[PDB]
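Okay, so here's the structure we're looking at.
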Amino acid sequence: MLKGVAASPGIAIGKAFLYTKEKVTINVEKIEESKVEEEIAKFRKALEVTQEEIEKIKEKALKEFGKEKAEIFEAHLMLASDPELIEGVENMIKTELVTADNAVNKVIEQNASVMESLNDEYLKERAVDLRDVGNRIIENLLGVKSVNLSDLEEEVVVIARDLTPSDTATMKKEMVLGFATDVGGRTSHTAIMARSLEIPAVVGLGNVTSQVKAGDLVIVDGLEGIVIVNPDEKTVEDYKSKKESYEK
């Protein structure tokens, strides 16, 4: 069996799906000066896509989680639409004759590192917001695709190597059995979230992405802090009766 951190107690039984994300290869190679306008055009197009992305995410967050999460994505949207960040990138492209990938990476990193260097925990949180937006812009420039687990209409377990709050806030409350991750980078967030969603979760398993695949039957045991993939017939019935014992 798998063992990790009991982010939230309870028993959940059903399907599990494995989040897959296209490899993010960022091209920061210096380009011909004639391609400056090309990269700027693509950047502005990526901003339009980024606005769509964030907006649609905000909707899901608002409806499922509430303004608590939606307002965060509103901040993300304002960052994406920030004339200062937009012009900064475009000027960076022309000035250094580099890609939009390079420009966004540098501009976003610079401004974020300033807020972090100020040693203000508030601005550090805002720096993370900025970092997230910048990364998603680059991904939209690259055309990075991934599995839309949030569009699933069935109670399933969320299996992934590394998720952020900004990603999990897309997941529909009633369509999530629980969470399980390879890493503990957001353990505390999955703990708070899962509990507020009234569901169990066991995170920081290590290699759940290799042990659990999409379509597999998985039992989430937040009481012991373990996860069972391909449960035995007896195991299913045992946790079945226990699930109802605690649920009902």
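Note on naming: chains are A, B, ... as they come in the structure tokens, residues start from 1 per chain, ligands start from 1 in the order shown.
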
*Just the residues within 12 Å of residue A:132, please, counting only C-alpha atoms, with nothing from its chain fewer than 2 positions along; format it as number ranges by chain.*
A: 50, 54, 72-73, 75-77, 79-80, 104-105, 108-109, 112, 125-130, 134-139, 164-167

Expected file: the selected residues, C-alpha atoms, as a CSV table (one decimal), in the first residue's frame:
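Wrote selection.csv, looks like this:
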chain,number,residue,atom,x,y,z
A,50,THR,CA,-4.0,34.1,-20.4
A,54,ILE,CA,-7.6,33.0,-15.6
A,72,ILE,CA,-7.0,35.6,-5.8
A,73,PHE,CA,-7.5,34.8,-9.5
A,75,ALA,CA,-5.5,39.5,-8.7
A,76,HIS,CA,-3.9,37.2,-11.2
A,77,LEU,CA,-6.0,38.6,-14.0
A,79,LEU,CA,-1.4,41.1,-13.1
A,80,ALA,CA,-1.8,39.6,-16.5
A,104,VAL,CA,8.5,37.3,-19.6
A,105,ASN,CA,10.8,35.1,-17.6
A,108,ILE,CA,8.5,38.5,-14.0
A,109,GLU,CA,11.5,37.1,-12.1
A,112,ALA,CA,9.1,39.2,-8.0
A,125,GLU,CA,2.7,36.1,-1.4
A,126,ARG,CA,2.1,38.7,-4.1
A,127,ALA,CA,5.4,37.7,-5.7
A,128,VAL,CA,4.1,34.1,-5.9
A,129,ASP,CA,1.0,35.4,-7.6
A,130,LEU,CA,3.2,37.3,-10.1
A,134,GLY,CA,4.3,34.9,-15.7
A,135,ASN,CA,4.7,31.1,-15.9
A,136,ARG,CA,1.2,30.6,-17.3
A,137,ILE,CA,1.9,33.3,-19.9
A,138,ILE,CA,5.0,31.4,-21.0
A,139,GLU,CA,3.1,28.1,-21.1
A,164,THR,CA,-0.6,24.3,-6.6
A,165,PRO,CA,-3.6,25.9,-4.9
A,166,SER,CA,-4.2,27.8,-8.2
A,167,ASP,CA,-4.7,24.5,-9.9

Excluding same-chain residues fewer than 3 positions from stretch 62-66 of chain A, what lies within 9 Å of it counting only C-alpha atoms, as a short mmCIF file (atom, residue, chain, number, x, y, z; two decimals) with N, CA, C and O atoms, in the first residue's frame?
data_model
loop_
_atom_site.label_atom_id
_atom_site.label_comp_id
_atom_site.auth_asym_id
_atom_site.auth_seq_id
_atom_site.Cartn_x
_atom_site.Cartn_y
_atom_site.Cartn_z
N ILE A 57 -10.92 29.99 -14.90
CA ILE A 57 -10.50 29.45 -13.61
C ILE A 57 -11.21 30.15 -12.46
O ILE A 57 -11.70 29.50 -11.53
N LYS A 58 -11.26 31.48 -12.53
CA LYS A 58 -11.95 32.27 -11.51
C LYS A 58 -13.40 31.83 -11.36
O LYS A 58 -13.90 31.69 -10.24
N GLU A 59 -14.07 31.60 -12.49
CA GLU A 59 -15.45 31.13 -12.48
C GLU A 59 -15.59 29.85 -11.67
O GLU A 59 -16.42 29.76 -10.77
N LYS A 69 -11.22 32.26 -3.22
CA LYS A 69 -10.28 31.83 -4.26
C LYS A 69 -10.41 32.69 -5.51
O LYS A 69 -9.42 32.95 -6.19
N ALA A 70 -11.63 33.12 -5.80
CA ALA A 70 -11.90 33.88 -7.02
C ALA A 70 -11.17 35.22 -7.01
O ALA A 70 -10.66 35.66 -8.03
N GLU A 71 -11.14 35.86 -5.84
CA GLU A 71 -10.47 37.15 -5.69
C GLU A 71 -8.97 37.03 -5.93
O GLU A 71 -8.34 37.95 -6.43
N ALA A 169 -7.95 24.71 -7.19
CA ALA A 169 -9.13 25.56 -7.01
C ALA A 169 -10.05 25.48 -8.22
O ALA A 169 -11.13 26.08 -8.23
N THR A 170 -9.63 24.73 -9.24
CA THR A 170 -10.46 24.49 -10.41
C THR A 170 -11.33 23.25 -10.22
O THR A 170 -12.32 23.07 -10.92
N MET A 171 -10.95 22.41 -9.26
CA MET A 171 -11.59 21.11 -9.08
C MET A 171 -12.94 21.25 -8.38
O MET A 171 -13.04 21.90 -7.34
N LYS A 172 -13.96 20.62 -8.96
CA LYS A 172 -15.31 20.69 -8.40
C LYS A 172 -15.41 19.89 -7.11
O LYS A 172 -15.01 18.73 -7.06
N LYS A 173 -15.95 20.52 -6.07
CA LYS A 173 -16.03 19.89 -4.75
C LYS A 173 -16.60 18.48 -4.85
O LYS A 173 -16.03 17.53 -4.31
N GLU A 174 -17.73 18.35 -5.54
CA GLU A 174 -18.52 17.13 -5.49
C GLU A 174 -17.96 16.08 -6.45
O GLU A 174 -18.46 14.96 -6.51
N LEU A 197 -13.49 20.93 1.94
CA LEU A 197 -14.29 20.25 0.93
C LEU A 197 -14.99 19.02 1.52
O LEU A 197 -15.75 18.34 0.83
#

*Write out as a ChimeraX atom specification all residues of stretch 71-121 of chain A that DSSP puts in helix (DSSP H, G or I) for this structure's backbone.*
/A:71-80,83-96,100-117,121

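Using only C-alpha atoms, the protein and nucleic acid residues lying no more than 6 Å from stretch 219-226 of chain A, apart from those fewer than 2 places from it along its own chain, are residues 2, 3, 4, 5, 6, 8, 9, 10, 11, 12, 13, 200, 201, 202 and 228 of chain A.
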
Those residues with C-alpha atoms, as a CSV table (one decimal), in the first residue's frame please?
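Contents of again35.csv, freshly written:
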chain,number,residue,atom,x,y,z
A,2,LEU,CA,0.9,3.7,-0.2
A,3,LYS,CA,1.6,5.8,2.9
A,4,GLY,CA,2.1,9.5,3.3
A,5,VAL,CA,0.6,12.5,5.1
A,6,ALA,CA,-3.1,12.4,6.2
A,8,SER,CA,-7.7,15.1,5.7
A,9,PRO,CA,-9.4,12.2,7.6
A,10,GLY,CA,-12.2,10.0,6.1
A,11,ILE,CA,-12.7,7.2,3.6
A,12,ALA,CA,-13.3,7.7,-0.1
A,13,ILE,CA,-13.8,5.0,-2.7
A,200,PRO,CA,-10.3,12.8,2.9
A,201,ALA,CA,-6.8,13.3,1.4
A,202,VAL,CA,-3.4,11.7,1.7
A,228,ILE,CA,-4.8,1.6,-1.7

*Residue contacts of residue A:144 (12 Å, only C-alpha atoms) excluding same-chain residues fewer than 2 positions away, as an NGL selection string*: :A and (20-26 or 46 or 49 or 135-142 or 146-147)

What would the file look like if the residues just selected were written as a PDB file, in the first residue's frame with N, CA, C and O atoms?
ATOM      1  N   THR A  20      -1.755  14.571 -16.282  1.00  0.00           N
ATOM      2  CA  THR A  20      -0.616  14.612 -17.190  1.00  0.00           C
ATOM      3  C   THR A  20      -0.440  16.000 -17.792  1.00  0.00           C
ATOM      4  O   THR A  20      -1.396  16.600 -18.283  1.00  0.00           O
ATOM      5  N   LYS A  21       0.788  16.505 -17.751  1.00  0.00           N
ATOM      6  CA  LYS A  21       1.082  17.843 -18.250  1.00  0.00           C
ATOM      7  C   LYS A  21       2.209  17.814 -19.274  1.00  0.00           C
ATOM      8  O   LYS A  21       3.265  17.228 -19.033  1.00  0.00           O
ATOM      9  N   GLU A  22       1.979  18.449 -20.418  1.00  0.00           N
ATOM     10  CA  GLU A  22       2.990  18.532 -21.465  1.00  0.00           C
ATOM     11  C   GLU A  22       4.264  19.190 -20.950  1.00  0.00           C
ATOM     12  O   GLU A  22       4.214  20.210 -20.264  1.00  0.00           O
ATOM     13  N   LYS A  23       5.406  18.599 -21.286  1.00  0.00           N
ATOM     14  CA  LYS A  23       6.695  19.115 -20.841  1.00  0.00           C
ATOM     15  C   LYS A  23       6.874  20.572 -21.246  1.00  0.00           C
ATOM     16  O   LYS A  23       6.702  20.929 -22.411  1.00  0.00           O
ATOM     17  N   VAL A  24       7.221  21.412 -20.276  1.00  0.00           N
ATOM     18  CA  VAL A  24       7.366  22.843 -20.517  1.00  0.00           C
ATOM     19  C   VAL A  24       8.799  23.197 -20.890  1.00  0.00           C
ATOM     20  O   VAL A  24       9.637  23.431 -20.019  1.00  0.00           O
ATOM     21  N   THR A  25       9.075  23.234 -22.189  1.00  0.00           N
ATOM     22  CA  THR A  25      10.387  23.638 -22.682  1.00  0.00           C
ATOM     23  C   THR A  25      10.390  25.102 -23.101  1.00  0.00           C
ATOM     24  O   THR A  25       9.736  25.481 -24.073  1.00  0.00           O
ATOM     25  N   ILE A  26      11.131  25.921 -22.364  1.00  0.00           N
ATOM     26  CA  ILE A  26      11.116  27.364 -22.572  1.00  0.00           C
ATOM     27  C   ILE A  26      12.274  27.806 -23.458  1.00  0.00           C
ATOM     28  O   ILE A  26      13.432  27.490 -23.186  1.00  0.00           O
ATOM     29  N   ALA A  46      -0.854  35.753 -26.346  1.00  0.00           N
ATOM     30  CA  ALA A  46      -0.774  34.894 -25.170  1.00  0.00           C
ATOM     31  C   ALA A  46      -1.475  35.529 -23.976  1.00  0.00           C
ATOM     32  O   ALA A  46      -2.054  34.834 -23.141  1.00  0.00           O
ATOM     33  N   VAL A  49      -5.101  34.825 -24.325  1.00  0.00           N
ATOM     34  CA  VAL A  49      -5.322  33.455 -23.876  1.00  0.00           C
ATOM     35  C   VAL A  49      -5.205  33.346 -22.362  1.00  0.00           C
ATOM     36  O   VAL A  49      -5.977  32.635 -21.719  1.00  0.00           O
ATOM     37  N   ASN A 135       4.508  32.466 -15.432  1.00  0.00           N
ATOM     38  CA  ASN A 135       4.731  31.099 -15.888  1.00  0.00           C
ATOM     39  C   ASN A 135       3.636  30.652 -16.847  1.00  0.00           C
ATOM     40  O   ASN A 135       3.908  30.005 -17.858  1.00  0.00           O
ATOM     41  N   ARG A 136       2.395  31.001 -16.524  1.00  0.00           N
ATOM     42  CA  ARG A 136       1.249  30.586 -17.325  1.00  0.00           C
ATOM     43  C   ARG A 136       1.235  31.293 -18.674  1.00  0.00           C
ATOM     44  O   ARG A 136       0.799  30.728 -19.677  1.00  0.00           O
ATOM     45  N   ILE A 137       1.715  32.532 -18.692  1.00  0.00           N
ATOM     46  CA  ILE A 137       1.892  33.267 -19.939  1.00  0.00           C
ATOM     47  C   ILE A 137       2.892  32.568 -20.852  1.00  0.00           C
ATOM     48  O   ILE A 137       2.646  32.407 -22.048  1.00  0.00           O
ATOM     49  N   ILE A 138       4.018  32.155 -20.282  1.00  0.00           N
ATOM     50  CA  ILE A 138       5.034  31.428 -21.033  1.00  0.00           C
ATOM     51  C   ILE A 138       4.489  30.108 -21.563  1.00  0.00           C
ATOM     52  O   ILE A 138       4.737  29.739 -22.711  1.00  0.00           O
ATOM     53  N   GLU A 139       3.745  29.401 -20.720  1.00  0.00           N
ATOM     54  CA  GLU A 139       3.131  28.138 -21.115  1.00  0.00           C
ATOM     55  C   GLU A 139       2.139  28.339 -22.252  1.00  0.00           C
ATOM     56  O   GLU A 139       2.009  27.490 -23.134  1.00  0.00           O
ATOM     57  N   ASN A 140       1.439  29.469 -22.228  1.00  0.00           N
ATOM     58  CA  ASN A 140       0.486  29.803 -23.279  1.00  0.00           C
ATOM     59  C   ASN A 140       1.199  30.193 -24.567  1.00  0.00           C
ATOM     60  O   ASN A 140       0.690  29.965 -25.664  1.00  0.00           O
ATOM     61  N   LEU A 141       2.382  30.782 -24.426  1.00  0.00           N
ATOM     62  CA  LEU A 141       3.258  31.023 -25.566  1.00  0.00           C
ATOM     63  C   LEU A 141       3.762  29.714 -26.160  1.00  0.00           C
ATOM     64  O   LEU A 141       3.870  29.574 -27.378  1.00  0.00           O
ATOM     65  N   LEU A 142       4.069  28.756 -25.292  1.00  0.00           N
ATOM     66  CA  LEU A 142       4.575  27.460 -25.729  1.00  0.00           C
ATOM     67  C   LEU A 142       3.448  26.571 -26.238  1.00  0.00           C
ATOM     68  O   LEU A 142       3.661  25.706 -27.087  1.00  0.00           O
ATOM     69  N   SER A 146      -2.573  19.997 -21.059  1.00  0.00           N
ATOM     70  CA  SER A 146      -2.623  19.041 -19.959  1.00  0.00           C
ATOM     71  C   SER A 146      -4.031  18.492 -19.771  1.00  0.00           C
ATOM     72  O   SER A 146      -4.987  18.992 -20.365  1.00  0.00           O
ATOM     73  N   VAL A 147      -4.154  17.462 -18.941  1.00  0.00           N
ATOM     74  CA  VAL A 147      -5.434  16.796 -18.729  1.00  0.00           C
ATOM     75  C   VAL A 147      -6.377  17.666 -17.909  1.00  0.00           C
ATOM     76  O   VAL A 147      -6.048  18.078 -16.796  1.00  0.00           O
TER      77      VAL A 147
END

*Record the distance separating atom CA of residue A:14 and atom CA of residue A:56, expressed in Å with one decimal.*
27.4 Å

Could you give me, as a tab-separated table, a per-residue list for stretch 108-182 of chain A showing, wherever an atom lies at most 10 Å from an atom of stretch 209-213 of chain A, the closest pair of atoms and their distance in Å to one decimal, using only C-alpha atoms and sorting by chain then residue number from low to high?
residue	atom	partner	partner_atom	distance
A:159	CA	A:209	CA	6.3
A:160	CA	A:209	CA	6.0
A:161	CA	A:209	CA	6.2
A:162	CA	A:209	CA	9.9
A:180	CA	A:209	CA	8.8
A:181	CA	A:209	CA	7.5
A:182	CA	A:209	CA	6.8

Requested write-out: N, CA, C and O atoms of the selected residues, as an mmCIF file, in the first residue's frame:
data_model
loop_
_atom_site.group_PDB
_atom_site.id
_atom_site.type_symbol
_atom_site.label_atom_id
_atom_site.label_comp_id
_atom_site.auth_asym_id
_atom_site.auth_seq_id
_atom_site.Cartn_x
_atom_site.Cartn_y
_atom_site.Cartn_z
ATOM 1 N N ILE A 159 -4.858 12.431 -8.707
ATOM 2 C CA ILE A 159 -3.472 11.980 -8.668
ATOM 3 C C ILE A 159 -2.577 12.875 -9.515
ATOM 4 O O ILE A 159 -2.824 13.068 -10.705
ATOM 5 N N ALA A 160 -1.536 13.421 -8.894
ATOM 6 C CA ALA A 160 -0.618 14.319 -9.584
ATOM 7 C C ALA A 160 0.730 14.376 -8.878
ATOM 8 O O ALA A 160 0.831 14.088 -7.685
ATOM 9 N N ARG A 161 1.766 14.750 -9.622
ATOM 10 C CA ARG A 161 3.112 14.845 -9.068
ATOM 11 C C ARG A 161 3.288 16.127 -8.265
ATOM 12 O O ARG A 161 3.919 16.127 -7.208
ATOM 13 N N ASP A 162 2.727 17.219 -8.773
ATOM 14 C CA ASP A 162 2.884 18.525 -8.144
ATOM 15 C C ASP A 162 1.782 19.482 -8.577
ATOM 16 O O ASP A 162 1.729 19.903 -9.733
ATOM 17 N N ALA A 180 -3.963 13.078 -3.759
ATOM 18 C CA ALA A 180 -2.724 12.365 -3.473
ATOM 19 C C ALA A 180 -1.602 12.817 -4.400
ATOM 20 O O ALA A 180 -1.780 12.889 -5.616
ATOM 21 N N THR A 181 -0.447 13.120 -3.819
ATOM 22 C CA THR A 181 0.638 13.758 -4.556
ATOM 23 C C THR A 181 1.961 13.040 -4.323
ATOM 24 O O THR A 181 2.122 12.322 -3.336
ATOM 25 N N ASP A 182 2.905 13.238 -5.236
ATOM 26 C CA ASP A 182 4.264 12.746 -5.051
ATOM 27 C C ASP A 182 5.015 13.577 -4.018
ATOM 28 O O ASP A 182 5.859 13.060 -3.285
#

*Using only C-alpha atoms, find the one residue out of A:227, A:93, A:203, A:78 that sits nearest to residue A:38.*
A:93

*Could you give me the residues within stretch 24-238 of chain A that DSSP places in strand (DSSP E), as a ChimeraX atom specification?*
/A:156-160,176-181,201-203,216-221,226-229

Could you dump the residues just selected with N, CA and C atoms as a compact mmCIF listing (two decimals), in the first residue's frame?
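Now in result.txt:
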# COMPACT_ATOMS: atom_id res chain seq x y z
N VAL A 156 -13.87 11.41 -8.43
CA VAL A 156 -12.59 10.76 -8.70
C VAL A 156 -11.50 11.27 -7.77
N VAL A 157 -10.46 10.46 -7.58
CA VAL A 157 -9.31 10.87 -6.79
C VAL A 157 -8.29 11.60 -7.65
N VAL A 158 -7.78 12.72 -7.14
CA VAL A 158 -6.85 13.55 -7.89
C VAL A 158 -5.41 13.08 -7.69
N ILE A 159 -4.86 12.43 -8.71
CA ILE A 159 -3.47 11.98 -8.67
C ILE A 159 -2.58 12.88 -9.52
N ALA A 160 -1.54 13.42 -8.89
CA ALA A 160 -0.62 14.32 -9.58
C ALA A 160 0.73 14.38 -8.88
N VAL A 176 -14.60 15.41 -6.50
CA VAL A 176 -13.31 15.00 -5.95
C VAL A 176 -13.49 14.10 -4.74
N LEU A 177 -12.92 12.90 -4.81
CA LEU A 177 -12.91 11.98 -3.68
C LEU A 177 -11.82 12.36 -2.68
N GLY A 178 -10.69 12.82 -3.20
CA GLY A 178 -9.56 13.18 -2.35
C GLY A 178 -8.34 13.54 -3.19
N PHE A 179 -7.24 13.86 -2.52
CA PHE A 179 -6.01 14.25 -3.21
C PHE A 179 -4.84 13.36 -2.80
N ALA A 180 -3.96 13.08 -3.76
CA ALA A 180 -2.72 12.37 -3.47
C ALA A 180 -1.60 12.82 -4.40
N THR A 181 -0.45 13.12 -3.82
CA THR A 181 0.64 13.76 -4.56
C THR A 181 1.96 13.04 -4.32
N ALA A 201 -7.93 13.11 2.26
CA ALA A 201 -6.80 13.29 1.36
C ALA A 201 -5.50 12.80 2.00
N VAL A 202 -4.67 12.14 1.20
CA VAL A 202 -3.37 11.68 1.66
C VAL A 202 -2.27 12.04 0.67
N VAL A 203 -1.42 12.98 1.05
CA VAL A 203 -0.48 13.59 0.11
C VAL A 203 0.96 13.31 0.51
N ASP A 216 -7.94 3.57 -12.51
CA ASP A 216 -7.69 2.59 -11.45
C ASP A 216 -8.63 2.82 -10.27
N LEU A 217 -9.04 1.73 -9.64
CA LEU A 217 -9.80 1.81 -8.39
C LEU A 217 -8.89 2.12 -7.21
N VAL A 218 -9.21 3.20 -6.50
CA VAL A 218 -8.38 3.66 -5.39
C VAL A 218 -9.21 3.95 -4.15
N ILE A 219 -8.72 3.52 -3.00
CA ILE A 219 -9.33 3.87 -1.72
C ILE A 219 -8.45 4.85 -0.94
N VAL A 220 -9.02 5.98 -0.57
CA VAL A 220 -8.31 6.98 0.22
C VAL A 220 -8.64 6.85 1.70
N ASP A 221 -7.65 6.45 2.49
CA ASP A 221 -7.83 6.28 3.93
C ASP A 221 -7.10 7.36 4.71
N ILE A 226 -3.17 6.40 4.46
CA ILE A 226 -2.67 5.49 3.43
C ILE A 226 -3.59 5.49 2.22
N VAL A 227 -3.06 5.03 1.08
CA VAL A 227 -3.85 4.91 -0.14
C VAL A 227 -3.70 3.54 -0.76
N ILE A 228 -4.82 2.93 -1.14
CA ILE A 228 -4.82 1.59 -1.70
C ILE A 228 -5.24 1.59 -3.16
N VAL A 229 -4.36 1.09 -4.02
CA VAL A 229 -4.65 0.99 -5.45
C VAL A 229 -4.91 -0.45 -5.86

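Counting only C-alpha atoms, the residue from A:150, A:34, A:117, A:51 that sits nearest to residue A:98 is A:34.
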
*Check the smallest atom-to-atom distance from each of A:7, A:61, A:89, A:118 to residue A:102 using only C-alpha atoms, then report the winner.*
A:89

*Quick one: pull the distance between atom CA of residue A:101 and atom CA of residue A:143, Å, one decimal.*
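These two atoms are separated by 11.7 Å.
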
*Find the spatial neighbours of residue A:30, counting only C-alpha atoms, within a cut-off of 8 Å - ignore same-chain residues fewer than 4 positions away - and output them as a ChimeraX atom specification.*
/A:96-99

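Between atom CA of residue A:15 and atom CA of residue A:214 lies a distance of 7.8 Å.
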